[PDB]
file data_33.txt (compact mmCIF, C-alpha atoms and all ligand atoms)
# COMPACT_ATOMS: atom_id res chain seq x y z
CA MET G 1 -34.23 44.45 59.28
CA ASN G 2 -31.61 41.71 58.93
CA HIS G 3 -34.14 38.89 59.00
CA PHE G 4 -35.17 37.29 55.71
CA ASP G 5 -37.28 34.30 54.70
CA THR G 6 -34.51 32.80 52.54
CA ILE G 7 -30.75 33.43 52.74
CA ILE G 8 -28.56 32.20 49.89
CA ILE G 9 -24.78 31.99 50.39
CA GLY G 10 -22.62 32.36 47.30
CA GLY G 11 -23.46 34.28 44.14
CA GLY G 12 -22.38 31.88 41.41
CA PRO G 13 -24.88 30.49 38.88
CA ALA G 14 -26.64 28.39 41.52
CA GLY G 15 -26.95 31.28 44.01
CA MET G 16 -28.28 33.72 41.45
CA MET G 17 -30.94 31.27 40.22
CA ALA G 18 -32.13 30.37 43.69
CA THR G 19 -32.40 34.13 44.35
CA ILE G 20 -34.53 34.52 41.29
CA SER G 21 -36.82 31.56 41.97
CA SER G 22 -37.09 32.21 45.71
CA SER G 23 -38.08 35.85 45.11
CA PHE G 24 -40.54 34.85 42.39
CA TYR G 25 -42.20 32.50 44.92
CA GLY G 26 -42.89 35.51 47.15
CA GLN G 27 -39.96 34.75 49.45
CA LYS G 28 -38.18 37.70 51.00
CA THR G 29 -34.64 36.87 49.84
CA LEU G 30 -31.02 37.76 50.71
CA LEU G 31 -28.08 36.71 48.41
CA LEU G 32 -24.61 36.93 50.06
CA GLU G 33 -21.46 36.99 47.94
CA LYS G 34 -17.82 36.96 49.09
CA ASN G 35 -16.47 38.84 46.05
CA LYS G 36 -17.31 42.40 44.87
CA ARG G 37 -18.71 40.81 41.67
CA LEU G 38 -21.24 38.06 41.12
CA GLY G 39 -20.44 35.07 38.91
CA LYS G 40 -16.64 35.42 39.05
CA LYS G 41 -16.07 31.75 38.08
CA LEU G 42 -19.04 31.81 35.63
CA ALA G 43 -17.55 34.84 33.88
CA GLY G 44 -14.60 32.67 32.83
CA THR G 45 -16.34 29.58 31.46
CA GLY G 46 -16.31 29.04 27.67
CA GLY G 47 -13.02 30.91 27.22
CA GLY G 48 -14.57 33.89 28.98
CA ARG G 49 -17.43 34.03 26.50
CA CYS G 50 -19.71 32.19 28.97
CA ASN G 51 -20.96 28.72 28.15
CA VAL G 52 -24.37 29.10 29.83
CA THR G 53 -26.05 25.71 28.97
CA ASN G 54 -26.29 22.87 26.42
CA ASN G 55 -29.20 22.41 23.95
CA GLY G 56 -29.25 18.62 23.81
CA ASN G 57 -32.06 16.40 25.09
CA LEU G 58 -32.26 14.52 28.42
CA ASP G 59 -29.97 11.70 27.36
CA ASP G 60 -27.34 14.15 26.07
CA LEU G 61 -27.51 15.72 29.53
CA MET G 62 -27.14 12.42 31.34
CA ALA G 63 -24.19 11.53 29.14
CA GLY G 64 -22.89 15.01 30.05
CA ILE G 65 -23.11 14.58 33.83
CA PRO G 66 -21.33 11.30 34.41
CA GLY G 67 -20.88 11.97 38.13
CA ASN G 68 -24.31 11.31 39.64
CA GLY G 69 -26.45 12.75 36.82
CA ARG G 70 -29.19 10.23 37.65
CA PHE G 71 -30.03 12.17 40.86
CA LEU G 72 -31.23 15.05 38.61
CA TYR G 73 -34.27 13.47 36.91
CA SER G 74 -36.53 15.17 39.43
CA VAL G 75 -34.82 18.56 39.27
CA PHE G 76 -34.73 18.52 35.45
CA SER G 77 -38.45 17.83 35.17
CA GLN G 78 -38.99 21.09 37.11
CA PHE G 79 -36.41 23.22 35.27
CA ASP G 80 -34.09 22.20 32.48
CA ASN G 81 -31.66 23.38 29.79
CA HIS G 82 -34.66 24.54 27.70
CA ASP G 83 -36.14 26.46 30.63
CA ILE G 84 -32.75 28.21 30.78
CA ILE G 85 -32.80 29.01 27.05
CA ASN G 86 -36.35 30.41 27.49
CA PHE G 87 -35.43 32.53 30.46
CA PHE G 88 -32.56 34.30 28.65
CA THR G 89 -34.57 34.66 25.47
CA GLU G 90 -37.62 35.95 27.43
CA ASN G 91 -35.42 38.52 29.19
CA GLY G 92 -33.97 39.91 25.97
CA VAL G 93 -30.66 38.07 25.56
CA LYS G 94 -29.80 36.69 22.15
CA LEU G 95 -28.31 33.21 22.45
CA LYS G 96 -26.60 31.09 19.79
CA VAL G 97 -25.66 27.44 19.47
CA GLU G 98 -22.14 26.34 18.58
CA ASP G 99 -20.65 22.87 18.07
CA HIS G 100 -21.71 20.02 20.42
CA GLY G 101 -24.82 22.02 21.44
CA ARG G 102 -22.95 24.63 23.44
CA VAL G 103 -25.02 27.77 24.12
CA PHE G 104 -23.47 31.29 24.22
CA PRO G 105 -24.78 34.85 24.06
CA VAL G 106 -24.34 36.41 20.60
CA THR G 107 -22.35 39.28 22.22
CA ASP G 108 -19.73 36.64 23.14
CA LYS G 109 -19.41 38.43 26.52
CA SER G 110 -20.02 36.86 29.90
CA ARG G 111 -21.30 40.17 31.30
CA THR G 112 -24.41 39.90 29.03
CA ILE G 113 -25.28 36.75 30.96
CA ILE G 114 -24.42 37.98 34.51
CA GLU G 115 -25.94 41.41 33.94
CA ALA G 116 -29.24 39.77 32.85
CA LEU G 117 -29.25 37.75 36.08
CA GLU G 118 -28.59 40.78 38.30
CA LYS G 119 -31.31 42.73 36.48
CA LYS G 120 -33.93 40.05 37.28
CA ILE G 121 -32.89 39.85 40.91
CA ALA G 122 -33.58 43.60 41.02
CA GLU G 123 -37.01 43.44 39.28
CA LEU G 124 -38.06 40.82 41.83
CA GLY G 125 -36.90 42.83 44.80
CA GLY G 126 -34.13 40.37 45.75
CA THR G 127 -31.51 41.71 48.14
CA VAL G 128 -27.83 41.31 47.36
CA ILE G 129 -24.90 42.15 49.61
CA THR G 130 -21.50 41.70 47.94
CA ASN G 131 -17.95 41.84 49.23
CA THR G 132 -19.08 39.94 52.29
CA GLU G 133 -17.54 36.69 53.43
CA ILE G 134 -19.66 34.46 55.61
CA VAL G 135 -17.62 32.83 58.36
CA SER G 136 -20.21 31.19 60.62
CA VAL G 137 -23.55 29.32 60.21
CA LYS G 138 -25.61 28.01 63.15
CA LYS G 139 -29.22 26.94 63.81
CA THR G 140 -31.37 27.39 66.92
CA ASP G 141 -34.97 26.12 67.16
CA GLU G 142 -36.07 27.06 63.61
CA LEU G 143 -33.74 29.96 62.94
CA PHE G 144 -30.47 29.96 61.00
CA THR G 145 -27.97 32.68 61.96
CA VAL G 146 -25.53 33.68 59.20
CA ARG G 147 -22.54 35.80 60.27
CA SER G 148 -19.67 37.64 58.64
CA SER G 149 -16.96 39.22 60.77
CA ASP G 150 -18.96 42.47 60.87
CA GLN G 151 -22.64 41.48 60.81
CA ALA G 152 -25.32 38.77 61.27
CA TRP G 153 -28.49 37.87 59.34
CA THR G 154 -31.33 35.39 60.06
CA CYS G 155 -33.66 33.10 58.14
CA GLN G 156 -35.87 30.03 58.24
CA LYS G 157 -34.65 28.59 54.90
CA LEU G 158 -30.93 28.51 54.02
CA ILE G 159 -29.53 27.74 50.62
CA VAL G 160 -25.81 26.99 50.43
CA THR G 161 -24.32 27.56 46.99
CA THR G 162 -20.63 28.14 47.70
CA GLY G 163 -19.45 25.89 44.83
CA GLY G 164 -16.63 23.34 44.60
CA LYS G 165 -12.91 23.47 45.54
CA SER G 166 -11.25 24.10 42.13
CA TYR G 167 -9.98 27.54 41.09
CA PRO G 168 -10.19 28.85 44.68
CA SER G 169 -9.20 32.34 43.51
CA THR G 170 -12.71 32.60 42.10
CA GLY G 171 -13.93 32.23 45.71
CA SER G 172 -14.86 28.54 45.76
CA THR G 173 -12.68 27.50 48.64
CA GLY G 174 -15.01 24.99 50.36
CA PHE G 175 -16.98 26.87 53.08
CA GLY G 176 -20.16 25.06 52.05
CA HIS G 177 -18.43 21.79 52.84
CA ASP G 178 -17.76 23.12 56.35
CA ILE G 179 -21.41 23.99 56.77
CA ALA G 180 -22.39 20.49 55.61
CA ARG G 181 -19.92 18.98 58.08
CA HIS G 182 -21.06 21.26 60.95
CA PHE G 183 -24.63 19.98 60.49
CA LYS G 184 -23.35 16.40 60.34
CA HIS G 185 -23.58 15.58 56.65
CA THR G 186 -21.02 13.35 54.97
CA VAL G 187 -18.76 15.07 52.49
CA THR G 188 -17.42 12.50 50.04
CA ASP G 189 -13.78 12.46 48.91
CA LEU G 190 -12.79 15.61 47.09
CA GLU G 191 -10.72 15.03 43.98
CA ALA G 192 -10.01 16.52 40.57
CA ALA G 193 -12.04 15.86 37.42
CA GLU G 194 -11.96 17.56 34.02
CA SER G 195 -8.26 18.25 34.67
CA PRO G 196 -5.95 18.98 31.70
CA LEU G 197 -3.11 16.56 30.91
CA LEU G 198 0.66 16.98 31.35
CA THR G 199 2.52 15.25 28.50
CA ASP G 200 6.18 14.49 27.72
CA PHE G 201 6.20 15.72 24.20
CA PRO G 202 7.69 18.53 21.96
CA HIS G 203 4.94 21.00 23.01
CA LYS G 204 6.35 23.98 21.14
CA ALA G 205 5.62 22.60 17.70
CA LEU G 206 1.84 22.46 18.33
CA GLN G 207 0.69 24.65 21.27
CA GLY G 208 -2.32 26.87 20.62
CA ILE G 209 -3.58 24.63 17.83
CA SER G 210 -7.15 23.28 18.02
CA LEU G 211 -8.50 20.09 16.48
CA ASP G 212 -12.13 19.14 15.96
CA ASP G 213 -13.39 15.60 16.56
CA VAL G 214 -10.45 13.28 17.21
CA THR G 215 -10.14 9.97 19.04
CA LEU G 216 -8.00 9.56 22.15
CA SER G 217 -7.70 5.94 23.29
CA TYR G 218 -6.48 4.20 26.43
CA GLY G 219 -7.29 0.66 27.56
CA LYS G 220 -11.08 0.16 27.46
CA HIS G 221 -11.96 3.91 27.61
CA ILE G 222 -11.85 5.49 24.12
CA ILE G 223 -13.09 9.06 23.50
CA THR G 224 -13.98 11.07 20.39
CA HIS G 225 -14.17 14.86 20.78
CA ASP G 226 -12.32 18.21 20.50
CA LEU G 227 -8.69 18.69 21.57
CA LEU G 228 -6.37 21.60 22.35
CA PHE G 229 -2.56 21.40 22.29
CA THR G 230 -1.11 23.44 25.12
CA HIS G 231 2.41 24.37 26.23
CA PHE G 232 2.23 21.73 29.02
CA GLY G 233 0.45 19.02 27.02
CA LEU G 234 -3.24 18.49 26.26
CA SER G 235 -6.56 20.21 27.12
CA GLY G 236 -10.01 20.64 25.55
CA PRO G 237 -12.97 18.18 25.91
CA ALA G 238 -11.22 14.97 24.82
CA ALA G 239 -8.20 15.36 27.12
CA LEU G 240 -10.50 16.63 29.86
CA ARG G 241 -12.77 13.55 29.80
CA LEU G 242 -9.93 11.05 29.50
CA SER G 243 -8.26 12.75 32.43
CA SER G 244 -10.50 10.76 34.73
CA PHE G 245 -8.88 7.46 33.83
CA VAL G 246 -5.26 8.54 33.88
CA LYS G 247 -2.89 9.67 36.66
CA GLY G 248 0.63 9.66 35.18
CA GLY G 249 2.87 7.00 33.67
CA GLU G 250 0.55 5.91 30.86
CA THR G 251 0.79 5.92 27.08
CA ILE G 252 -2.39 7.08 25.35
CA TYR G 253 -3.13 7.09 21.60
CA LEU G 254 -4.32 9.83 19.27
CA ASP G 255 -6.27 9.44 16.05
CA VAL G 256 -6.12 12.76 14.19
CA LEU G 257 -8.61 11.72 11.50
CA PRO G 258 -11.10 9.22 12.94
CA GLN G 259 -13.01 9.60 9.65
CA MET G 260 -10.66 7.80 7.24
CA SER G 261 -9.23 4.32 7.85
CA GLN G 262 -5.70 3.45 6.67
CA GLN G 263 -6.82 2.92 3.03
CA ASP G 264 -8.73 6.21 2.41
CA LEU G 265 -5.57 8.03 3.45
CA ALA G 266 -3.38 5.89 1.13
CA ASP G 267 -5.74 6.68 -1.78
CA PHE G 268 -5.86 10.40 -0.86
CA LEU G 269 -2.04 10.64 -1.29
CA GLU G 270 -1.99 9.13 -4.79
CA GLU G 271 -4.40 11.84 -5.97
CA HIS G 272 -1.89 14.45 -4.76
CA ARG G 273 1.42 12.63 -5.58
CA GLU G 274 2.32 15.95 -7.31
CA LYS G 275 2.15 18.40 -4.35
CA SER G 276 4.53 18.47 -1.35
CA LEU G 277 3.63 16.00 1.44
CA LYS G 278 3.14 18.93 3.85
CA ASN G 279 0.84 20.67 1.29
CA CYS G 280 -1.04 17.44 0.69
CA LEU G 281 -1.93 17.10 4.40
CA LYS G 282 -2.43 20.88 4.69
CA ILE G 283 -5.77 20.39 2.97
CA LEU G 284 -6.89 17.72 5.48
CA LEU G 285 -5.36 19.31 8.60
CA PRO G 286 -4.25 22.61 10.21
CA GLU G 287 -0.86 23.72 8.79
CA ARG G 288 1.22 23.35 11.96
CA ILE G 289 -0.14 19.79 12.43
CA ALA G 290 0.88 19.06 8.85
CA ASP G 291 4.46 20.32 9.49
CA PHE G 292 4.60 18.13 12.56
CA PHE G 293 3.82 14.79 10.89
CA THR G 294 5.71 15.34 7.67
CA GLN G 295 8.93 16.99 8.88
CA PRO G 296 10.97 13.76 9.07
CA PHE G 297 9.76 12.42 5.69
CA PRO G 298 10.57 13.20 2.00
CA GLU G 299 9.47 16.56 0.67
CA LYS G 300 7.08 15.12 -1.94
CA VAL G 301 4.28 12.56 -1.67
CA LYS G 302 5.59 10.58 -4.64
CA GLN G 303 9.18 10.54 -3.24
CA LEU G 304 7.74 8.39 -0.41
CA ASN G 305 8.28 4.64 -0.59
CA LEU G 306 5.89 1.94 0.70
CA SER G 307 7.38 1.72 4.23
CA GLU G 308 7.24 5.52 4.62
CA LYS G 309 3.56 5.52 3.54
CA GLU G 310 2.63 2.79 6.06
CA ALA G 311 4.62 4.33 8.96
CA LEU G 312 3.30 7.83 8.29
CA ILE G 313 -0.31 6.60 8.18
CA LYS G 314 0.15 4.71 11.47
CA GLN G 315 1.33 7.99 13.09
CA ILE G 316 -1.68 9.89 11.70
CA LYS G 317 -3.99 7.18 13.07
CA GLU G 318 -2.16 6.05 16.19
CA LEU G 319 0.35 8.64 17.53
CA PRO G 320 1.42 7.41 20.97
CA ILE G 321 1.59 10.21 23.56
CA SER G 322 3.21 9.90 26.95
CA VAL G 323 1.20 11.22 29.87
CA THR G 324 3.26 12.27 32.90
CA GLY G 325 0.26 13.29 35.02
CA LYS G 326 -2.61 15.73 35.28
CA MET G 327 -3.50 19.05 36.95
CA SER G 328 -4.48 19.03 40.63
CA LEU G 329 -7.91 19.89 42.02
CA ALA G 330 -6.76 23.53 42.36
CA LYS G 331 -6.23 23.78 38.60
CA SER G 332 -8.92 21.40 37.36
CA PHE G 333 -12.21 22.82 35.98
CA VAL G 334 -14.45 20.53 38.08
CA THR G 335 -14.52 19.10 41.63
CA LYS G 336 -15.49 15.43 41.71
CA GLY G 337 -17.10 15.04 45.11
CA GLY G 338 -19.10 17.10 47.56
CA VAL G 339 -22.02 16.95 49.91
CA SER G 340 -23.44 13.43 49.84
CA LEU G 341 -26.61 12.94 47.85
CA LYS G 342 -27.86 10.11 50.08
CA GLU G 343 -28.85 12.80 52.63
CA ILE G 344 -30.56 15.23 50.20
CA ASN G 345 -34.12 15.18 48.83
CA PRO G 346 -33.84 14.79 45.02
CA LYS G 347 -36.98 16.92 44.44
CA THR G 348 -36.57 19.88 46.83
CA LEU G 349 -32.82 19.71 47.45
CA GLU G 350 -33.55 20.07 51.14
CA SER G 351 -31.30 18.33 53.63
CA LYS G 352 -32.80 15.20 55.18
CA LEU G 353 -31.03 15.88 58.49
CA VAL G 354 -31.76 19.59 58.91
CA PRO G 355 -35.11 21.07 57.86
CA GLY G 356 -34.81 24.51 56.21
CA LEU G 357 -31.31 23.70 54.91
CA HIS G 358 -30.72 23.26 51.19
CA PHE G 359 -27.70 22.77 48.89
CA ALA G 360 -27.35 23.44 45.16
CA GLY G 361 -24.58 23.65 42.55
CA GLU G 362 -21.11 22.10 42.66
CA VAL G 363 -21.08 21.95 46.49
CA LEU G 364 -23.10 18.73 46.02
CA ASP G 365 -21.51 15.42 44.98
CA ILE G 366 -22.47 16.03 41.34
CA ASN G 367 -19.85 16.48 38.62
CA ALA G 368 -20.20 17.04 34.87
CA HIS G 369 -18.33 17.72 31.62
CA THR G 370 -17.49 21.22 30.47
CA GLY G 371 -19.77 22.31 27.58
CA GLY G 372 -22.55 23.71 29.75
CA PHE G 373 -23.45 20.65 31.85
CA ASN G 374 -22.05 21.99 35.12
CA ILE G 375 -23.53 25.42 34.68
CA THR G 376 -26.86 23.84 33.52
CA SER G 377 -26.66 21.67 36.59
CA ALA G 378 -26.16 24.67 38.90
CA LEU G 379 -28.81 26.94 37.45
CA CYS G 380 -31.42 24.17 37.61
CA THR G 381 -30.60 22.78 41.02
CA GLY G 382 -30.48 26.42 42.07
CA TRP G 383 -33.89 27.19 40.60
CA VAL G 384 -35.37 24.17 42.39
CA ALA G 385 -33.72 24.84 45.78
CA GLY G 386 -35.01 28.41 45.71
CA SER G 387 -38.50 27.46 44.57
CA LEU G 388 -41.23 26.45 47.07
CA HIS G 389 -42.88 23.14 47.68
CA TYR G 390 -45.57 22.49 50.25
CA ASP G 391 -47.46 19.47 51.56
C1 LIG K 1 -11.93 28.02 33.76
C2 LIG K 1 -13.22 27.27 33.98
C3 LIG K 1 -14.01 26.95 32.87
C4 LIG K 1 -15.21 26.25 33.02
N1 LIG K 1 -15.94 25.96 31.93
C5 LIG K 1 -17.11 25.29 32.05
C6 LIG K 1 -17.95 24.96 30.87
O1 LIG K 1 -17.58 25.30 29.72
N2 LIG K 1 -19.09 24.30 31.07
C7 LIG K 1 -19.51 23.92 32.29
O2 LIG K 1 -20.60 23.29 32.41
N3 LIG K 1 -18.79 24.19 33.41
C8 LIG K 1 -17.63 24.85 33.36
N4 LIG K 1 -16.90 25.12 34.52
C9 LIG K 1 -17.46 24.68 35.80
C10 LIG K 1 -18.48 25.71 36.28
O3 LIG K 1 -17.97 27.04 36.12
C11 LIG K 1 -18.89 25.47 37.75
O4 LIG K 1 -19.20 24.09 37.88
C12 LIG K 1 -20.09 26.32 38.21
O5 LIG K 1 -19.79 27.72 38.08
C13 LIG K 1 -20.49 26.04 39.66
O6 LIG K 1 -21.53 26.93 40.07
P1 LIG K 1 -21.82 27.21 41.63
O7 LIG K 1 -22.77 28.39 41.73
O8 LIG K 1 -22.21 25.93 42.33
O9 LIG K 1 -20.37 27.56 42.29
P2 LIG K 1 -19.50 28.85 41.85
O10 LIG K 1 -19.86 29.22 40.43
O11 LIG K 1 -18.03 28.68 42.20
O12 LIG K 1 -19.96 30.00 42.88
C14 LIG K 1 -19.85 29.85 44.28
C15 LIG K 1 -19.90 31.25 44.87
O13 LIG K 1 -19.88 31.14 46.30
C16 LIG K 1 -19.14 32.24 46.82
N5 LIG K 1 -18.66 31.95 48.17
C17 LIG K 1 -17.86 30.93 48.50
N6 LIG K 1 -17.59 30.90 49.83
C18 LIG K 1 -18.24 31.92 50.38
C19 LIG K 1 -18.37 32.46 51.75
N7 LIG K 1 -17.74 31.88 52.80
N8 LIG K 1 -19.15 33.55 51.93
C20 LIG K 1 -19.78 34.12 50.88
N9 LIG K 1 -19.70 33.69 49.60
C21 LIG K 1 -18.95 32.61 49.29
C22 LIG K 1 -17.99 32.38 45.84
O14 LIG K 1 -17.47 33.70 45.84
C23 LIG K 1 -18.67 32.06 44.52
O15 LIG K 1 -19.03 33.27 43.84
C24 LIG K 1 -15.67 25.83 34.39
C25 LIG K 1 -14.86 26.15 35.49
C26 LIG K 1 -13.67 26.85 35.34
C27 LIG K 1 -12.86 27.16 36.56
call {"tool": "encode", "arguments": {"input": "data_33.txt", "output": "C-alpha cells"}}
result
Amino acid sequence: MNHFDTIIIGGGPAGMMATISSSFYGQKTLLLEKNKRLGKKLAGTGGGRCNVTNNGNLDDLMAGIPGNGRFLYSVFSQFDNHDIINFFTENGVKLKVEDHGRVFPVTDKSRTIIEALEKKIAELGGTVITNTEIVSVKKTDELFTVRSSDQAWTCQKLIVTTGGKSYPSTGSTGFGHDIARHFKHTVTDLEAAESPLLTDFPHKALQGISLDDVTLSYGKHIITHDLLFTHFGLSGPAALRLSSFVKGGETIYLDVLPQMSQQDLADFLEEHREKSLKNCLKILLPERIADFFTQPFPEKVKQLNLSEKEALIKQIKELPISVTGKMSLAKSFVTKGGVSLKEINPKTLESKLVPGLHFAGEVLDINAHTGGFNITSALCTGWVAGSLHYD
C-alpha cells in the first residue's frame, strides 16, 4: 500500500502542520522527508532554542511579513499565531514570551517543539518516511506519482513544502521550485533577505556584544530594533531588516541610545563628573561598548572640554559605519522569492493551474522577518494546505 490520499514533501514546519491538519480531516497522509530528522532548519531558529511564533496581533504580523503578507489574510483567519499558541499549550508544552513578542518553549530546547509535532502526527495515524529524497514528481489523469531513487508513492492531493533556498545544508535546496516549474508555474527571482551585514570596522573590540533597541539609519529607511556585533560586522533584527536596502558601498548610521537626545546625555555627564568617563557610560551601556566610545578621550568626565563633549555625543548618537556588502542567499536566513502567488488560491493554497497540487511555507513567494513570522507563516499556510475545503 503505497497509495495515499495526501502526500506531503518536506518535513519542515509547513510539512509537519499539513500532516497534522490533513490527518485530522480524515485524510490518509504520507509525509516524506529528505533528512533522517524532521525540522532540521526549524531546530536552529531562535539561536537553537526555537522561535516558534509571535504573540502580536494581525497588524504586528503584517508588519512582520513585509514580502507579500497581504496574501495571508485568508489563511490567518483559518489558523493564526494564537491557534499555534493554543495547539502547543493544548498538547502539554509550556511556552513563554520574550521581547518583541517572540514565543519559545520554557525548556529552551527546539526538540520540545519538534517532538510535540511528531507525537501528534503519530496520534493521528500520519505516516512518515524519513531519510528519503524525492527526485521526481509527475501527474497522470488525477494521480500524482512521487518517486525517490528506490521507490514510488501515489496520491490525489500533493502538498509541496520543501522550503526556500537559504542554508541548503538543512535540506532546502529548491526541489519544490523544480516541481513548480515542471507544472508550468512562474518562480519569481530568488534573492537574499534577512542577510547579515559585512562591515569595514574594528570588529574585535565589540563582537559577541548585544544591544537592545537601537536606531540604524540610511537614506529614507530608518529602523529601531535589536542589534548584534559579530566578527564580520552586524547581525540581529536591525541589521537584518536594513539588509534589504543595502548591497555594499554605503555608509549607515547607528544611534546607540535612541532614548536620549543630545541634551539628556550632556546633563547625565555633569551628574557623574566625578567618575571615570568609561564608568559613567558603563551604567548606560554594556562595558565593552563603553570602552569603545571612550578609549580615545580623557579618563574622567570632568577632564573633558566642550568640543570633546559635543564630538563624543555625536558618536553615541550618530556613529557612521561602513557597509562593504551582505551575506549571499546561501547564508541569509530568508529567501525573498518563490512560487508566484498570482497562480495560487489564497484560501486553499491550491494551485490554479493543477488541481490537487498545493504549496505552503517558504517555497512560496512570501518572505518575513525573523522573530517567528516565517515559522508562523509556514505552520499556518501548512495547516490550511493540509486542511479540507469542499464546494
Ligand atoms: C539560522 C536560521 C534562523 C532562523 N530564525 C528564524 C526566526 O527566528 N524566526 C522566523 O520566523 N524564521 C526564522 N528562520 C526562517 C525559518 O526557519 C524558515 O522560514 C522556515 O523553517 C521555513 O519552513 P518550511 O517548512 O517552508 O521549509 P523548511 O523549514 O526548510 O523545510 C523544508 C523541508 O523540505 C525537505 N526537503 C527539501 N527537498 C526535499 C526533497 N527533494 N525530498 C524530500 N524532502 C525535501 C527539507 O529536508 C526540509 O526539511 C531562520 C532560518 C535560519 C536558517
call {"tool": "residues_around", "arguments": {"input": "data_33.txt", "residues": "residue 168 (chain G)", "least_positions_apart": "4", "cutoff": "12 Å", "atoms": "all atoms listed in the file", "output": "PyMOL selection string"}}
result
chain G and resi 34-35+40-41+162-164+172-175+329-335
call {"tool": "closest_residue", "arguments": {"input": "data_33.txt", "among": "G:294, G:148, G:77, G:348", "to": "residue 280 (chain G)", "atoms": "all atoms listed in the file"}}
result
G:294
call {"tool": "residues_near_ligand", "arguments": {"input": "data_33.txt", "ligand": "ligand LIG 1 (chain K)", "cutoff": "7 Å", "atoms": "only C-alpha atoms and all ligand atoms", "output": "ChimeraX atom specification"}}
result
/G:9-15,32-35,38-42,44-47,51,53,132-135,161-164,166-167,170-176,333-334,360-363,368-376,378
call {"tool": "atom_distance", "arguments": {"input": "data_33.txt", "atom1": "CA of residue 124 (chain G)", "atom2": "CA of residue 386 (chain G)"}}
result
13.4 Å
call {"tool": "closest_residue", "arguments": {"input": "data_33.txt", "among": "G:341, G:8, G:180, G:284", "to": "residue 212 (chain G)", "atoms": "all atoms listed in the file"}}
result
G:284
call {"tool": "residues_around", "arguments": {"input": "data_33.txt", "residues": "residue 155 (chain G)", "least_positions_apart": "5", "cutoff": "8 Å", "atoms": "all atoms listed in the file", "output": "ChimeraX atom specification"}}
result
/G:3-7,143-145
call {"tool": "residues_around", "arguments": {"input": "data_33.txt", "residues": "region 108-110 of chain G", "least_positions_apart": "3", "cutoff": "8 Å", "atoms": "all atoms listed in the file", "output": "VMD selection string"}}
result
chain G and resid 42 to 44 48 to 50 104 to 105 113 to 114
call {"tool": "closest_residue", "arguments": {"input": "data_33.txt", "among": "G:93, G:252, G:160, G:106", "to": "residue 197 (chain G)", "atoms": "all atoms listed in the file"}}
result
G:252
call {"tool": "atom_distance", "arguments": {"input": "data_33.txt", "atom1": "CA of residue 225 (chain G)", "atom2": "CA of residue 264 (chain G)"}}
result
21.0 Å
call {"tool": "residues_around", "arguments": {"input": "data_33.txt", "residues": "residue 311 (chain G)", "least_positions_apart": "5", "cutoff": "12 Å", "atoms": "all atoms listed in the file", "output": "ChimeraX atom specification"}}
result
/G:262,266,293-294,296-297,304-306,316-319
call {"tool": "atom_distance", "arguments": {"input": "data_33.txt", "atom1": "CA of residue 349 (chain G)", "atom2": "CA of residue 385 (chain G)"}}
result
5.5 Å
